[PDB]
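What follows is the residue order along each chain.
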Amino acid sequence: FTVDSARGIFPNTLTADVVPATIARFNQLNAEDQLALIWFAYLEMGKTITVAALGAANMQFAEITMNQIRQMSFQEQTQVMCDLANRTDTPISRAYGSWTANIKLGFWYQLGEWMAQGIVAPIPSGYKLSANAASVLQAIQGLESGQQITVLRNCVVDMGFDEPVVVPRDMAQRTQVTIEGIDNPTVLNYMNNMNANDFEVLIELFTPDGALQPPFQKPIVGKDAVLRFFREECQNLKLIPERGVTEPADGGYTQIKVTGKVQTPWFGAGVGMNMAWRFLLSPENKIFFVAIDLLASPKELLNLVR
Amino acid sequence: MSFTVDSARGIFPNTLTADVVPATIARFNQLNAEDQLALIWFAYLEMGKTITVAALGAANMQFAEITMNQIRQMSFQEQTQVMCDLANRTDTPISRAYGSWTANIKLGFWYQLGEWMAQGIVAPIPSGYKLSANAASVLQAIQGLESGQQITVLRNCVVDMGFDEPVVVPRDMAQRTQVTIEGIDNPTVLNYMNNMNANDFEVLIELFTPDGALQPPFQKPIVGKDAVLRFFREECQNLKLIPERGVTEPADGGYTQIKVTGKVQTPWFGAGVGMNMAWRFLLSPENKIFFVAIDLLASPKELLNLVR
Ligand SMILES: CC1=C(/C=C/C(C)=C/C=C/C(C)=C/C=C/C=C(C)/C=C/C=C(C)/C=C/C2=C(C)C(=O)CCC2(C)C)C(C)(C)CCC1=O
Ligand SMILES: CC1=C(/C=C/C(C)=C/C=C/C(C)=C/C=C/C=C(C)/C=C/C=C(C)/C=C/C2=C(C)C(=O)CCC2(C)C)C(C)(C)CCC1=O
């Protein structure tokens, strides 16, 4: 096996490719339509946000920028927001591009609160989305909540351009998952370490050259890059695996598929995303490859075909 | 100034473009390399459209001759790996060579490989290959698109693989034709269309302001005469522009906004495929192009969408 050959295990897992499709549609819209579309989608999303994600040492990184924006006029604020959407090369857009996803999300959450408070320039009254933007908004509002929030997140994170430590949860307070059909400690402890933010232990489950493929992204290859990804993107998730299957693969490898739900700290139990994990484990029972997929619909939770 | 390039992008915002094309490309980009190759094989086979002899013998293929002949001599296993390296945008000598090529060389390369696949010279899509669930759905989506949208999906997928010519002679004035656009007599728009059809890019570039920009379908504004002229020379050769209808309206500061709808034919398919397009011009008071966007329209209905 190579990483690229591992990518196709369990090939009839149907993923929610409407998400990258919809993001690509959003990417065609001009900056003002993008900002207005997100405003409308966000307001109409009946899902309340918790800002336990993006903590203090993290959000300290965007404080300077947020203080700059808070001192500009409504016209300068609008230009900055458009520079972000346009991925323009400006000092603030470069600052934004340096941040992790949760810092970017917390930044926009604060601007959104200030917009409802009149502290930051609002979407102009009586604004009309372009014909294409109106159709993108309608498509988003037809998606399952888990897909809606992934579209919004990825659009936010793609904006801009030109990590404090995470201490794991105390052992006594930790939960342990139960996965129907799966007894393998490498899979069980992948989930338990994730749920405890115990990334320095989790990385030891991988082969030295092992790879992790997040939803709609390319494989991240090797312990150094995977550990960096854990530390930067994976804090405070709740993984709720339900059921899985295991089967032998070529050369003494083992392939395992698990389905279940994931909650993000931004929405807690209010949004459950339907996920699959597809593992290829080495003969020594280490993770050579794991893919994490956002599933097309709840019907895919029952698709456990070997 | 009354406009910036980014503020010009939104002119005629009721124009409904075929964003199903970038959406479907994004779905295709989720598939692994072998699935991508098989999907394009079946999509290319299901299309009933023929590539022209004039594009088939394109002299620029000499840049790719050595690489193709190398591939032809490889084993089927090596050939498959090369093709996957291309789909994966891997850093290899062959993928770097492909990434150095122009779009037209890239298309001719894959046309030749596909011919060789049918002739038993290059490794075929394996006989017992089953598309993934996602890939089968993407293939079904492509089959439901208008041919002009199908070929745009296929072209963009080809051009995006890999990584890690002489300019056409303008046609003699005596041999040129003149477009006719119902509703539009603006000479800058007519001159844009006629110079494009004549491959007279050095005259065409003089129609733009120095800070002026051109926005190709599903791409970002290309800003400045140097960048735009390089784009004309590299990409826009031997097209046939068939504008039919248009509307002109005043814009701020004495500018003029013009929308034209019509059809475009690529030299790859000749008259076999007519893509429904809009051109959206923002002209300075001095009659120069400050911004022009070229859109692939969502459906033929949009040819009649000529409201402000
Ligand atoms: C932008 C903007 C606004 C603001 C808008 C705002 C504030 C928008 C905020 C939107 C928010 C807070 C979106 C958060 C989405 C989080 C997701 C999808 C996390 C998924 C994680 C997953 C699947 C993890 C999976 C994982 C598992 C299971 C593993 O096993 C391995 C790890 C891995 C990570 C792969 C305004 C409202 C101001 C209007 C203007 C404007 O433009
Ligand atoms: C890859 C592959 C294969 C091969 C597949 C093959 C051979 C695929 C070949 C596909 C081909 C030949 C696609 C050609 C597409 C051309 C288009 C959309 C031109 C558009 C031009 C336009 C819109 C003009 C626009 C213009 C106007 C009007 C302006 O006014 C301004 C300029 C501008 C340019 C913007 C196999 C079958 C071997 C399988 C394996 C595999 O993977």
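Residues numbered from 1 in each chain as written, not as in the entry; some residues may be left out. Chains lettered and ligands numbered in written order. Heavy atoms only, no water. Residues with missing side-chain atoms left out of burial classes, pairs and counts.

From N to C terminus, chain B includes 13 helices and six strands. Its C-alpha atoms give chain B a radius of gyration of 21 Å, within 12% of the compact-globule value 19 Å for 308 residues. Taken along the three principal axes of its C-alpha coordinates, chain B extends 65 × 40 × 35 Å. (Helix = DSSP H or I, 4+ residues; strand = E, 2+ residues; numbered from the N terminus. Rg over C-alpha atoms; globule rule 2.2 N^0.38 Å.)

Here we take up empty space enclosed by the protein. Residue and element names in this part refer to chain B. Looking at the largest cavity, its volume works out to about 50 Å³. Lining the largest cavity, in full, are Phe 28, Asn 29, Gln 36, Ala 87, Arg 89, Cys 157, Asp 160 and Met 161. Of the residues belonging to the lining of the largest cavity, the class tally is four nonpolar, two polar and two charged. (1 Å grid on protein atoms, 1.4 Å probe; cavity = no way out; pocket = protein on both sides within 12 Å on 5 of 7 lines; lining within 4 Å. Points joined across faces, edges and corners; volume = space filled by probe spheres on them. Nonpolar A, V, L, I, M, F, W, Y, C, P; charged D, E, K, R; others polar.)

How big an interface is tends to be stated in terms of the accessible area lost upon association of its parts. Residues and elements named next belong to chain B. Along its sequence, chain B is carved into domain 1 (18–164) and domain 2 (179–308). Summarising the inter-unit geometry, the C-alpha centres of domain 1 and domain 2 are found 29 Å apart. Contacts between the two partners involve 21 residues from domain 1, matched on the other side by 16 residues from domain 2. Across the domain 1/domain 2 interface, buried area totals approximately 1,500 Å², and carbon plus sulfur atoms make up 64% of it. Among the residues domain 1 hides against domain 2, the three largest losses belong to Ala 18, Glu 146 and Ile 151. Together they make up 28% of the total. Joining domain 1 to domain 2, the criterion identifies one salt bridge. One salt bridge in this structure joins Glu 235 and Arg 155, with 3.0 Å as the shortest N-O distance. Breaking the side of domain 1 that touches domain 2 down by element, the ones donating at least two residues are α2 (20–29), α8 (103–118) and α10 (147–159). Residues belonging to the side of domain 1 that touches domain 2 are distributed by class as follows: nine nonpolar, eight polar and four charged. (Domains from an automatic or database assignment. Contact = heavy atoms within 4.5 Å. Buried area = accessible area lost by both parts, 1.4 Å probe. Salt bridge = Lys/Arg side-chain N within 4 Å of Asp/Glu carboxyl O.)

Let's shift gears to the site of ligand 1. Residue and element names in this part refer to chain A. Looking at ligand 1, there are 28 residues lining it, with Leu 35, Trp 108, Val 156, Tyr 190 and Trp 277 nearest. Within the side chain of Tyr 190, a nitrogen or oxygen atom sits 2.6 Å from an oxygen atom of ligand 1. At a separation of 2.9 Å, an oxygen atom of ligand 1 approaches a polar side-chain atom of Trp 277. Starting from 990 Å² of accessible surface for ligand 1 in isolation, the protein chains cover 95%. (Near = heavy atom within 4 Å. Polar contact = N/O pair within 3.5 Å; in protein donor to acceptor, adjacent residues only side chain to side chain. Areas by Shrake-Rupley, 256 points an atom, 1.4 Å probe, with all protein chains shown as cover.)

Let us look at the domain arrangement of chain A. Residue and element names in this part refer to chain A. Domain boundaries assigned for chain A yield domain 1 (16–162) and domain 2 (177–306). Computed from C-alpha coordinates alone, the two centres of domain 1 and domain 2 are separated by 29 Å. Opposite the 24 residues of domain 1 that make contact, domain 2 presents 16 residues. By residue number, the principal contributor to the side of domain 1 that touches domain 2 is helix α9 (residues 145–157), which donates six residues. Classifying every residue of the side of domain 1 that touches domain 2 gives eleven nonpolar, nine polar and four charged.

This part covers the nonpolar core. All names here are of chain B. Counting residues in each nonpolar core, the largest one holds 85 residues, and the members touching the most others are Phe 109, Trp 110, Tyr 192, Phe 208, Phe 232, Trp 279 and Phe 281. In terms of residue count, α8 provides more of this core than any other element does, seven residues in total. For this core, the domains that each give at least three residues are domain 1 (18–164) and domain 2 (179–308). Ignoring any residue separated from it by four or fewer positions in sequence, one finds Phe 208 in contact with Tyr 192, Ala 213, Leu 214, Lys 225, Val 228, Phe 232, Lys 288, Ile 289 and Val 292. (Core = buried A, V, L, I, M, F, W, Y, C linked by side-chain atoms within 4.5 Å. Buried < 20%, exposed > 50% of the residue type's maximum accessible area, 1.4 Å probe, protein only.)

All names here are of chain B. In the region of ligand 2, 27 residues are neighbours, and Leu 37, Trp 110, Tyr 192, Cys 236 and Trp 279 sit closest. The contact in question runs from an oxygen atom of ligand 2 to an N or O atom on the side chain of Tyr 192, over 2.7 Å. Burial of ligand 2 by the protein amounts to 95% of the accessible area it has alone, namely 1,000 Å². Top contributing element to the shell around ligand 2 by residue count: α8, with five residues. Among the residues making up the shell around ligand 2, the classes are represented as 23 nonpolar, three polar and one charged. Residues lining the shell around ligand 2 come from more than one domain, with at least three contributed by each of domain 1 (18–164) and domain 2 (179–308).

Contact residues are listed per partner, giving 25 residues for chain B and 24 residues for chain A. Regarding the contact of chain B and chain A, the summed buried area is about 2,000 Å², with carbon and sulfur atoms giving 44% of it. When the buried surface of chain B facing chain A is broken down by residue, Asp 19, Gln 30 and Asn 134 of chain B rank first, second and third, together holding 27% of it. For the interface between chain B and chain A, the tally reads two salt bridges. Between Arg 27 of chain B and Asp 17 of chain A there is a salt bridge, with its nearest N and O atoms 2.9 Å apart. Counting across the chain B and chain A interface gives nine residue pairs in polar contact.

With that settled, the discussion passes to the pattern of salt bridges. Residues and elements named next belong to chain A. Under the counting rule described, the total for this entry stands at 21 salt bridges over all chains. As a salt-bridge pair, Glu 233 and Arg 153 come within 3.1 Å of each other at their nearest N and O atoms. Residue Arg 153 is classed as partly exposed on the basis of its relative accessible area of 29%. Residue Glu 200 pairs with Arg 231 through a salt bridge whose shortest N-O separation is 2.3 Å. You can see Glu 200 sitting in helix α11 (residues 199–202) and its partner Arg 231 sitting in helix α12 (residues 223–233), a full 31 residues away along the chain. Its relative accessible area of 45% is what places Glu 200 among the partly exposed residues.

Evaluated as defined, the whole model comprises 18 aromatic pairs over all chains. Ring geometry for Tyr 192 of chain B and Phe 281 of chain B: centres 5.2 Å apart, planes at 85°, overall edge-to-face. With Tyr 192 of chain B in helix α11 (residues 187–197) and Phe 281 of chain B in strand β5 (residues 275–283), this pair connects stretches of sequence that are 89 residues apart. Classification of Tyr 192 of chain B by relative accessible area gives buried; the value is 3%. The exposure class of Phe 281 of chain B is buried, given its relative accessible area of 0%. Chaining the aromatic ring pairs together yields one cluster made of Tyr 96, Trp 99, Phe 107 and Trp 108 of chain A. (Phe/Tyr/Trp six-rings, centres within 6.5 Å; stacked < 30°, edge-to-face > 60°.)

Residues and elements named next belong to chain A. For helix α7 (residues 101–116), spanning 16 residues, the distance from its first C-alpha to its last is 23 Å, which sits close to the expected 22 Å at 1.5 Å a residue. Of all 16 residues that make up α7, twelve are buried, and the element is covered over most of its length. For α7, every residue scored as buried is listed here: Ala 101, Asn 102, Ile 103, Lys 104, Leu 105, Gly 106, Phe 107, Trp 108, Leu 111, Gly 112, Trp 114 and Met 115. Close packing links the buried residues of α7 with α3 (31–44), α4 (56–71), α5 (74–85), α6 (91–97), α9 and α12. (Expected span 1.5 Å × (residues − 1).)

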